[PDB]
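Okay, structure first, notes after.
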Amino acid sequence: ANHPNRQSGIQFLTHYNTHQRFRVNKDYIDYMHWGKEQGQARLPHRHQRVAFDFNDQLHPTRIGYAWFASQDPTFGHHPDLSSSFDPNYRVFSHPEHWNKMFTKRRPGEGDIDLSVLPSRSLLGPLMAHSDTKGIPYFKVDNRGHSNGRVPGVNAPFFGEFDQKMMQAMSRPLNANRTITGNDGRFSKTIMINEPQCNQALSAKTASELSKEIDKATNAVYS
Amino acid sequence: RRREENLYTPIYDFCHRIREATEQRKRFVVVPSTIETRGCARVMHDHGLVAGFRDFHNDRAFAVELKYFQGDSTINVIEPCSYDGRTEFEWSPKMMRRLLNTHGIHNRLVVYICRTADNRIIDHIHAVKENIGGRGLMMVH
Amino acid sequence: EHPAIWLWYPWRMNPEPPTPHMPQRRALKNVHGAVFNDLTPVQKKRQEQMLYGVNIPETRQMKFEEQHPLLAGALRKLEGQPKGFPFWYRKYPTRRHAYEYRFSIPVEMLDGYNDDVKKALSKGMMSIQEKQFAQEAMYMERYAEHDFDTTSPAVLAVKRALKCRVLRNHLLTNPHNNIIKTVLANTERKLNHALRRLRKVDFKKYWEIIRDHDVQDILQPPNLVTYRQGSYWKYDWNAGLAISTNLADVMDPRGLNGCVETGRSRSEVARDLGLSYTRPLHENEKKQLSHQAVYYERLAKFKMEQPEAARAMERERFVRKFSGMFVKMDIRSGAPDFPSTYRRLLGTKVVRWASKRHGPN
Amino acid sequence: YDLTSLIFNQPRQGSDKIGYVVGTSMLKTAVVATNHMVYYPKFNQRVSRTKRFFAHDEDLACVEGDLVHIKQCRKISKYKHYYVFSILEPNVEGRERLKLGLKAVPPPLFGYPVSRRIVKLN
Amino acid sequence: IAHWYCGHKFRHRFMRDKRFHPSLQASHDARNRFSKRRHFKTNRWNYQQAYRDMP
Amino acid sequence: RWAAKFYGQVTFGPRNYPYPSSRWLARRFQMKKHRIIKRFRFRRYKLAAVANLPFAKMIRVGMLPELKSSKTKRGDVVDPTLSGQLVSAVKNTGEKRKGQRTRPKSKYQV
Amino acid sequence: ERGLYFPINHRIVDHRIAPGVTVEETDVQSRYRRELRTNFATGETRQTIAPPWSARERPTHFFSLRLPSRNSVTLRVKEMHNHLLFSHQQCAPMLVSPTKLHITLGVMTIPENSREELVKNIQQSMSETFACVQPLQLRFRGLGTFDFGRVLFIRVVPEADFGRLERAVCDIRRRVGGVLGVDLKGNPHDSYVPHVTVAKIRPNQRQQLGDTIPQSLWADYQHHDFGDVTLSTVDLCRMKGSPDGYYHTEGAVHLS
Amino acid sequence: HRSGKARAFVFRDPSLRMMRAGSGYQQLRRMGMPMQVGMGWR
Amino acid sequence: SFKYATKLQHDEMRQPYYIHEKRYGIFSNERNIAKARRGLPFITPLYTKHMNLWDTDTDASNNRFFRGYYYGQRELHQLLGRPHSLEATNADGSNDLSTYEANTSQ
RNA sequence: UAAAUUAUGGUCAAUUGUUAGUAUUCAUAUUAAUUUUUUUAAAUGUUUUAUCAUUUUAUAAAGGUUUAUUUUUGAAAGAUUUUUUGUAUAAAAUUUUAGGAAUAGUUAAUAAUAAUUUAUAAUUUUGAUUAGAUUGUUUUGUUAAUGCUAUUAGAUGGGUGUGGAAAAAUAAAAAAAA
RNA sequence: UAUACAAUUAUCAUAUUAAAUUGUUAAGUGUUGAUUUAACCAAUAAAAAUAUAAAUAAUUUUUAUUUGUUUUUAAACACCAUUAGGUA
Ligand SMILES: [Mg+2]
Ligand SMILES: [Mg+2]
Ligand SMILES: [Mg+2]
Ligand SMILES: [Mg+2]
Ligand SMILES: [Mg+2]
Ligand SMILES: [Mg+2]
Ligand SMILES: [Mg+2]
Ligand SMILES: [Mg+2]
Ligand SMILES: [Mg+2]
Ligand SMILES: [Mg+2]
Ligand SMILES: [Mg+2]
């Protein structure tokens, strides 16, 4: 498409309400100042991407180490746990936020909304400074993490880290979803899933495993 | 956004998500989650057109893991059956039976996904097996 | 003098302005094309009542005392004394609930402070925007089903009614900002939605909203065409309120249904159960019916008391039956729509009718 | 195949119709707007059209904006072959509106479109 | 496309077919499809006080 | 606007031509537009659209017997009252009255 | 020439005449739309009809909702009397005095021997039935006729608390006529039609007054609106016209 | 060519072309959908 | 799928005659054939539609034409007050039962 | 959210132009047609009867219709000593013109009413009425195919109204009371 | 003469979820004269600076509303004509 304002292309892999990126009225992009880290200025920012590469990291799980006590004592901060990560984060774009169109584009001119970038003024911390301690001390909030008890964030974490998503998408090999599996071309992964009773197999589940094991093992391509 | 435009369907942009994510060689796609969409995923994963998939019981979306082989994708083409929601195509068992036949040789190479009166998401092969007709969703190979 | 004249010199892009010249200031339309010159006395009263100030109804103090008699007991011990514990927090469930002073500061929290401070947080010191939010919060509270209700129909309808009045008087002052003309029109549309959902949820509240804020002008069906096709009534089908009535409190359902096996209509089973459903009639239908009811008494009196006149008329009818177009009833004669079923006769042979369709079909 | 045949088993096509009452200016006569269906096989899709009918309500229950069930019957007058079989949804707001002496529904603001420009001021 | 129907060009045929298209049909939202412009600005100077019988 | 922005299709270039029109084509059509407009000016065209009349059908006032430029051609037949009023309109359009808004004037407007 | 050649209202076959008669032997002529003229137009109403044995005996007592003082109804009925008497003063004996206006919920025959057992037992059952029912706001508009145009009454519209009445009545109906066998002029499994009787022609009167109330009197008031009334008071009344100047009242129940 | 017909980038899968044809006029005539109101073929 | 199947003049491509009996009763047409105005142009309409497609009798479960969503079933669900969407759980248009259907045994 | 086999089943979808930088279904191709050829039609007098009469013998003239065309058994079939029945005229869908405005013996109630009964009437921009063109809802051609492209012909008002039914004024190819 | 667009990105005229609208400031006289222009001619010359937040998303505004033409020169520049003026 050679039409100006249609340059952003056809991307389906965005999160917006149109598959045509150039009809989207929400985030107008900035071709001059954007795309240092993301490649082209058209493409979605690192934190908004809904499609992921093989050798690239995927999104950090936000926290908002205490819970690794069971793990390797030396194991440092897990690469995917971040204090501040915002999937909704407004990136400053000039044509939206600083708009020089109605002016002659002289040095001070153009209309600016300051609601985008967090204020670096000292006015804020001065004006609000109080003897009462902050929200965290007061524990005003209900709820907590929206998923309830989470092994990484709230509760402690036991067992092993799966950094690739390999166990996280597997197909239950069983009617009970007790045993699950992951097959590559020539390899086969059988994973016992019973985290509640501490991986103690029942009579049915064991008689099942002796089926999945020898049906995986007597397979042609394994 | 207007009248003349097509009326999109979760299947339509499911297929186009996957197609575009296959062209950019991505490992994971986040994709719309509806009954027949994750039906389509289970069928594709049966035939091995897709490395894996999961529904996290997230309301909006679920995720698909794509498979590549010999440097290009495992999916040549993937196309939705209908452009609108206002158009619904019905597949006679004899039609789904024609697909299977390449001039006298039995061809399961290409897969067609469809709804049944029974709310099952099936490929055309099982459909022909039990001789039921179904509503078209998409083709993939 | 007589119709306006646009003069167009075709080399020019547009015509010259008309001769009578039109009004110098463009009329302000509502959403449907109807014209308002100024606020109606009712709406005017609403804004004059917003401007000078609002108030919390003692209704809230009352239900506060009946629901949580302990807390109200405490506040009742402590009046005039500065409070370090906000016992009154149940009285103001939401931030928005306290409008009597600026910044959502509840009344009884001002007990121990300076009177200057009290004047500085007063209503008189609000901006105009703050005052609007005040009126909105008060009304929202009076129509809300629970404290945190926003999205429900009554609330929505009211807040949109207010927003609409504000924008209207605003446009009255400074004539051209078409941004706000557009926002007023959109607001009016969403108000139309909210009200038409209300009358199928609870109609009395719908009524009293229309009577308080004087919006009946956006409930008027836009034009005869789309109304005649029943797409005005088709709205509450799309909204899903069409079957929502729950009859039994009103309109005993026994005479609303027809008999499937009998084939008799609802008027028939109503007849049989000795019930009468009939809409209240205007003077039209009343005087038509009351004219028709009496035909036979008038006739009996006529043919008793005046036989010769009658026999004259009868001569004419009886003899007429032999003259005329068709003497006997056949498919041709007994065609209910003659011009319709034979259109092929209309120009040439049959000169009576000049058109093939006089009715729906 | 549409809503109407979905709900009803009709002895003859168009023997049952569900619609809204639009206007009563005629005694014992309710005008009813009803939808039916058309299929375009080229594009494989359906459209809803609409049509008006005269229905016979003896006893005059129907208020403008009622949802009514309507049936085919004996020829009654030149244009009335249909009678009101049952009121599905009555108009409660409209009835209370009548009881107060007001019209059932406000009269539409503008009539049919014209090709002229009417300059009418004040 | 037979050349005798509608105009002498082809595209006239498809311009009258858009008149019959299913998803293009006239309804309560899209109205006056065939002459929109004869009816435009028709009531601008027609001043109609809206109907209120309720206070 | 009433009049036509363009005459003929001024944007004809190949698809994705990254401008509305090329120089060549736009110059051709600028020529044709020029000729038409010049014709309007010299023949002294006048059109009118009257309230409470069919609008699409515009009375051509430049052909009216009083305002007609040609001494030969039969002009047009318009109602006597209406035509008087049109003549008065055309006449009293000409000059600027103070307090009224300044509107563009030309030789060919008379 | 001004309408259909054969007007549709004039197409009529009489099947209660033998076949072949109308074709050859003779033609039968009648004004057929007096009969076809419907139940809405004539103003008739179908009351629960008595079995013959019950039809033989006079009714003695009845259930009534007592109209309070200061009614919309009583007022407007007085206005209607004024109008009617100014039109035709032959109505004067037909009309019921505004003092006797009451809602008739059902009619019943009590034999004179078992009188006290029945009144006590009825009164009790009545009090139990209406125990839970709060007052009733009912709407009156429209007129109707019972007994071939001899009784002229004000209809009770099923637009309001009427629904409750119907259950309530149908309960006493199933007690008074179901439980202790009492003669309710109808079936106890059938519901009575509540009404306010306005004009009436008694047997003695019928000779001087005529056999039916001419519809010319009340034609215009046929659909007239008499308004809404809330009712707290249920009576069981014996019909004596000289004891108190109001129907003699054997029992009472308060709805509250 | 701004003034002219839209062209596909590639062909259409013939198999899909045949799948979308299921409810077409010929199949309908075979199912018997249209009422026979006239004499038809002799 | 070919041209030979376009020709309904074969009896193998055409819904048989007897269907019209099964709908209107047996030997029902012999009446119609003796009618005054016949076959010029029109004859008493002959209803032949494969009995699994009948609009009268059949419904959304056995007939694929009823479960078309965007015109029949959309309206029906809007009216009855079920939640509905394009691609839904139930075969027809609907994600779930309405309130009435959930609270009442039919 | 698991694979499947007691193995090819339920009977064939398959596209052929020698172009001229490029963008866009457009010259020259095949099939189907008109150009194109006397091997399938046909001539006048219908016929009985009880005598100037009365029985039998019911849709090819034209006009141009797009919300349009709809009906019985009393004739014959038809069986038998005489009476015998009821069901019908109504509707629903599908309806054309590049640039689009109002239509009208007129709606509904009354009733075997009203050239002046009563009424806040009816048709229309969801495209009317006039006006052009046109013989309407198993028929063709092309094609691998949702398409595109054909289908004739036949119901043209009343005015002593016969007849079961108006279909009633040359123009068969229907055996019409031995 | 009949004989099969696109629907993943297509530039001239059928818009549509939008926060605007309103602000009374500046500038002016000493004196005897070639400024501006490539070049002509009329002929006092100085000047008009401030606003963010907030307004919720979608479902019946398409006869409604809307896309740089604008009172006041007794105020200029600018432009048009040429010393007469027009316009601003
Ligand atoms: Mg008709
Ligand atoms: Mg004609
Ligand atoms: Mg120019
Ligand atoms: Mg074909
Ligand atoms: Mg003929
Ligand atoms: Mg015509
Ligand atoms: Mg029809
Ligand atoms: Mg008809
Ligand atoms: Mg004649
Ligand atoms: Mg456009
Ligand atoms: Mg000026």
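Residue numbers start at 1 in each chain; chains themselves are named A, B, ... in the order of the structure tokens; ligands are numbered from 1 in the order shown.
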
Using the chain letters and numbers from this document, which residues of chain D does DSSP assign to alpha helix (DSSP H), as a compact mmCIF listing (two decimals) with N, CA and C atoms, in the first residue's frame?
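Contents of selection_29.txt, freshly written:
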```txt
# COMPACT_ATOMS: atom_id res chain seq x y z
N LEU D 3 -38.15 -17.25 11.85
CA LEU D 3 -38.76 -17.26 13.16
C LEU D 3 -40.20 -17.80 13.18
N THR D 4 -41.00 -17.36 12.22
CA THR D 4 -42.43 -17.66 12.26
C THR D 4 -42.70 -19.14 12.09
N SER D 5 -42.00 -19.79 11.16
CA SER D 5 -42.18 -21.24 10.96
C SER D 5 -41.42 -22.02 12.02
N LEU D 6 -40.51 -21.33 12.71
CA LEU D 6 -39.70 -21.92 13.76
C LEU D 6 -40.57 -22.21 14.97
N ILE D 7 -41.41 -21.24 15.30
CA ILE D 7 -42.35 -21.37 16.41
C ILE D 7 -43.65 -22.11 16.07
N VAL D 92 -48.24 -1.84 28.32
CA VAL D 92 -48.73 -1.42 29.62
C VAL D 92 -48.57 0.09 29.74
N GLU D 93 -47.42 0.57 29.30
CA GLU D 93 -47.14 1.99 29.25
C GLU D 93 -48.17 2.72 28.37
N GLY D 94 -48.46 2.16 27.20
CA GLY D 94 -49.43 2.76 26.29
C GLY D 94 -50.84 2.80 26.83
N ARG D 95 -51.24 1.73 27.51
CA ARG D 95 -52.56 1.66 28.12
C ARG D 95 -52.72 2.67 29.24
N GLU D 96 -51.71 2.77 30.10
CA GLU D 96 -51.78 3.77 31.16
C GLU D 96 -51.72 5.16 30.59
N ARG D 97 -51.08 5.27 29.43
CA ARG D 97 -50.98 6.54 28.74
C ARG D 97 -52.35 6.97 28.20
N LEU D 98 -53.13 5.99 27.76
CA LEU D 98 -54.49 6.23 27.27
C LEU D 98 -55.44 6.59 28.38
N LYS D 99 -55.33 5.85 29.48
CA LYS D 99 -56.18 6.05 30.65
C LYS D 99 -56.15 7.49 31.14
```

Neighbours of residue 94 of chain J within 10 Å (only C-alpha atoms (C1' of nucleotides); same-chain residues fewer than 5 positions away dropped), as a ChimeraX atom specification? /D:38-39 /H:34 /J:136-137

Write the selection just made, keeping N, CA and C atoms (P, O5', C5', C4', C3', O3' and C1' of nucleotides), as a PDB file, in the first residue's frame?
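Output file selection_27.pdb is given in full below:
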```
ATOM      1  N   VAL D  38     -36.302 -13.745   2.811  1.00  0.00           N
ATOM      2  CA  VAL D  38     -35.926 -13.934   1.420  1.00  0.00           C
ATOM      3  C   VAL D  38     -34.533 -14.527   1.351  1.00  0.00           C
ATOM      4  N   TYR D  39     -34.300 -15.423   0.411  1.00  0.00           N
ATOM      5  CA  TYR D  39     -32.994 -16.041   0.329  1.00  0.00           C
ATOM      6  C   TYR D  39     -32.330 -15.758  -0.998  1.00  0.00           C
TER       7      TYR D  39
ATOM      8  N   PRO H  34     -38.316 -24.951  -4.808  1.00  0.00           N
ATOM      9  CA  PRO H  34     -39.305 -24.087  -5.462  1.00  0.00           C
ATOM     10  C   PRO H  34     -40.627 -24.784  -5.775  1.00  0.00           C
TER      11      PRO H  34
ATOM     12  P     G J 136     -42.861 -13.356 -18.970  1.00  0.00           P
ATOM     13  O5'   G J 136     -43.266 -13.490 -17.438  1.00  0.00           O
ATOM     14  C5'   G J 136     -43.762 -14.717 -16.917  1.00  0.00           C
ATOM     15  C4'   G J 136     -43.551 -14.814 -15.426  1.00  0.00           C
ATOM     16  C3'   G J 136     -43.623 -16.224 -14.851  1.00  0.00           C
ATOM     17  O3'   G J 136     -42.641 -16.370 -13.825  1.00  0.00           O
ATOM     18  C1'   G J 136     -45.248 -14.861 -13.802  1.00  0.00           C
ATOM     19  P     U J 137     -41.188 -16.946 -14.205  1.00  0.00           P
ATOM     20  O5'   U J 137     -40.950 -18.128 -13.176  1.00  0.00           O
ATOM     21  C5'   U J 137     -41.891 -19.174 -13.036  1.00  0.00           C
ATOM     22  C4'   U J 137     -41.749 -19.808 -11.685  1.00  0.00           C
ATOM     23  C3'   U J 137     -42.628 -21.014 -11.398  1.00  0.00           C
ATOM     24  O3'   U J 137     -42.093 -22.214 -11.937  1.00  0.00           O
ATOM     25  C1'   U J 137     -42.630 -19.522  -9.539  1.00  0.00           C
TER      26        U J 137
END
```

Interface list for chain D, partner chain F, 10 Å threshold, only C-alpha atoms, as a ChimeraX atom specification: /D:114-119

Write the residues of the preceding selection, restricted to C-alpha atoms, as a PDB file, in the first residue's frame.
```
ATOM      1  CA  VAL D 114     -40.158  15.564  -0.155  1.00  0.00           C
ATOM      2  CA  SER D 115     -38.087  16.914  -3.056  1.00  0.00           C
ATOM      3  CA  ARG D 116     -38.881  20.497  -2.129  1.00  0.00           C
ATOM      4  CA  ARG D 117     -37.416  22.849   0.477  1.00  0.00           C
ATOM      5  CA  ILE D 118     -40.043  24.038   2.919  1.00  0.00           C
ATOM      6  CA  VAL D 119     -39.119  27.360   4.435  1.00  0.00           C
TER       7      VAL D 119
END
```

Neighbours of chain D in chain G at 10 Å, counting only C-alpha atoms, as a PyMOL selection string: chain G and resi 3-4+7-9+38-41+159+225+227

Could you turn the residues from that selection into a file that holds N, CA, C and O atoms, as a PDB file, in the first residue's frame?
```
ATOM      1  N   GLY G   3     -68.728   1.137  -4.054  1.00  0.00           N
ATOM      2  CA  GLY G   3     -68.027   0.116  -3.307  1.00  0.00           C
ATOM      3  C   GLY G   3     -67.959  -1.180  -4.065  1.00  0.00           C
ATOM      4  O   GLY G   3     -68.163  -1.213  -5.280  1.00  0.00           O
ATOM      5  N   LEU G   4     -67.645  -2.248  -3.346  1.00  0.00           N
ATOM      6  CA  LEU G   4     -67.685  -3.580  -3.920  1.00  0.00           C
ATOM      7  C   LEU G   4     -69.054  -3.911  -4.510  1.00  0.00           C
ATOM      8  O   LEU G   4     -70.091  -3.533  -3.958  1.00  0.00           O
ATOM      9  N   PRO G   7     -70.994  -6.431  -1.623  1.00  0.00           N
ATOM     10  CA  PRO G   7     -70.346  -6.056  -0.365  1.00  0.00           C
ATOM     11  C   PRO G   7     -70.102  -7.304   0.465  1.00  0.00           C
ATOM     12  O   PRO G   7     -70.952  -8.190   0.500  1.00  0.00           O
ATOM     13  N   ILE G   8     -68.939  -7.389   1.089  1.00  0.00           N
ATOM     14  CA  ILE G   8     -68.520  -8.624   1.723  1.00  0.00           C
ATOM     15  C   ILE G   8     -69.395  -8.966   2.923  1.00  0.00           C
ATOM     16  O   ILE G   8     -69.653 -10.140   3.203  1.00  0.00           O
ATOM     17  N   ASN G   9     -69.882  -7.932   3.603  1.00  0.00           N
ATOM     18  CA  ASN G   9     -70.768  -8.104   4.748  1.00  0.00           C
ATOM     19  C   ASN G   9     -72.125  -8.717   4.391  1.00  0.00           C
ATOM     20  O   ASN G   9     -72.861  -9.162   5.273  1.00  0.00           O
ATOM     21  N   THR G  38     -72.126  -8.818  17.378  1.00  0.00           N
ATOM     22  CA  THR G  38     -71.401  -9.597  18.388  1.00  0.00           C
ATOM     23  C   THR G  38     -71.585  -9.179  19.836  1.00  0.00           C
ATOM     24  O   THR G  38     -72.315  -8.247  20.161  1.00  0.00           O
ATOM     25  N   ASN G  39     -70.877  -9.897  20.697  1.00  0.00           N
ATOM     26  CA  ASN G  39     -71.013  -9.775  22.135  1.00  0.00           C
ATOM     27  C   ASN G  39     -70.391  -8.501  22.674  1.00  0.00           C
ATOM     28  O   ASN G  39     -70.647  -8.100  23.807  1.00  0.00           O
ATOM     29  N   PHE G  40     -69.546  -7.886  21.863  1.00  0.00           N
ATOM     30  CA  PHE G  40     -68.964  -6.607  22.206  1.00  0.00           C
ATOM     31  C   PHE G  40     -69.938  -5.477  21.901  1.00  0.00           C
ATOM     32  O   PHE G  40     -70.076  -4.527  22.674  1.00  0.00           O
ATOM     33  N   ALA G  41     -70.607  -5.591  20.761  1.00  0.00           N
ATOM     34  CA  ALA G  41     -71.531  -4.567  20.314  1.00  0.00           C
ATOM     35  C   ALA G  41     -72.805  -4.554  21.153  1.00  0.00           C
ATOM     36  O   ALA G  41     -73.207  -3.506  21.653  1.00  0.00           O
ATOM     37  N   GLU G 159     -57.575  -5.216  34.792  1.00  0.00           N
ATOM     38  CA  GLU G 159     -56.318  -4.483  34.584  1.00  0.00           C
ATOM     39  C   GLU G 159     -55.473  -4.211  35.834  1.00  0.00           C
ATOM     40  O   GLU G 159     -54.410  -3.592  35.757  1.00  0.00           O
ATOM     41  N   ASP G 225     -65.877   5.719  31.404  1.00  0.00           N
ATOM     42  CA  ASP G 225     -64.966   5.347  32.495  1.00  0.00           C
ATOM     43  C   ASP G 225     -65.402   5.905  33.855  1.00  0.00           C
ATOM     44  O   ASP G 225     -65.470   7.121  34.051  1.00  0.00           O
ATOM     45  N   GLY G 227     -63.832   5.006  36.859  1.00  0.00           N
ATOM     46  CA  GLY G 227     -62.673   5.272  37.704  1.00  0.00           C
ATOM     47  C   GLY G 227     -62.216   4.154  38.628  1.00  0.00           C
ATOM     48  O   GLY G 227     -62.715   3.031  38.544  1.00  0.00           O
TER      49      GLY G 227
END
```

Can you check which residues of chain D have any atom within 8 Å of chain C? Use only C-alpha atoms and format it as a PyMOL selection string. chain D and resi 20-23+27+32-34+50-53+57-63+65+67+78-79+83-89+93+95+98-99+101+106-112+119
